[PDB]
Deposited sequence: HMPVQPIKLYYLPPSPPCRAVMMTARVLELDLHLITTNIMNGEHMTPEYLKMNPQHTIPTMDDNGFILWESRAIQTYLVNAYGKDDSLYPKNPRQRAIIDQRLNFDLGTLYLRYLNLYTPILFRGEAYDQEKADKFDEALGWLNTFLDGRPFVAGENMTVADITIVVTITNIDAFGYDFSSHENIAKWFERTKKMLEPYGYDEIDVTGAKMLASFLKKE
């Protein structure tokens, strides 16, 4: 009901999927043993890392020998295993299903379209079709938020926590999403919800590190 040892997270501070897990752990009041894994120095490619995770990604979680990757899988695991109740990720099938669709939306649509837009910019202009696709995803998110304070209902869930990382990022990059009225208010709302749980320490700090490339 609590881990026997600190849960290990192989991570980097600016990594968006790492930041999602880290904030989720803070809300759960789990103290993670953060292990800096420099993917630029091949630290994810040693015989040891590959044995743990042959897909060689961060974040990778190690909970008393149980290995897990995929940030959204880690988020839901931490709640299922160590939540004081199920508030962040309710067991009620229909409530859970809405959250799961939002998580699939995050991975398959929003985050992917975010990557396609900002990868060429942060590193090496905004391709028009990529800008169009990301804007389209924001429109959908805005609609998801109509009639509700959080993305999947009345309460903040793991879905809000991973989606907000992307919004923190584009905000730090100078992307203006205020015309999406629901997103604009949900963003302020969620920032305040996460304030006592390391939002500045984790998410803002991480976003500023990615922004330094601009």
Gaps in the model, given as deposited-sequence positions counted from residue 1: 125 to 126, 217 to 219
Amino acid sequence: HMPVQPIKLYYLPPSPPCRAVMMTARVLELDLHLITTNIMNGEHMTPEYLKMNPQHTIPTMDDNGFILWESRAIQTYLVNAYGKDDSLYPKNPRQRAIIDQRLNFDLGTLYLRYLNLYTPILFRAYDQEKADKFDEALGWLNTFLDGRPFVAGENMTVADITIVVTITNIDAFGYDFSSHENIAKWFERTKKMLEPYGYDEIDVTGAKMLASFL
From here on, numbers count along this sequence of modelled residues.
Greater mean Cα temperature factor according to the PDB record, 92 to 100 or 127 to 135: 127 to 135
Given 65 to 73 and 23 to 31, the range whose Cα B-factors average higher in the PDB entry: 23 to 31
Highest-ranked of 142, 119, 80, 109 once sorted by CA temperature factor in the record: 119
Residue of maximum C-alpha B factor among 189, 180, 148, 44, per deposited coordinates: 44
Where the record places residue 48 (Cα B-factor, split into thirds across the chain): highest
Third of the chain, ranked by Cα B-factor, where residue 40 sits: highest
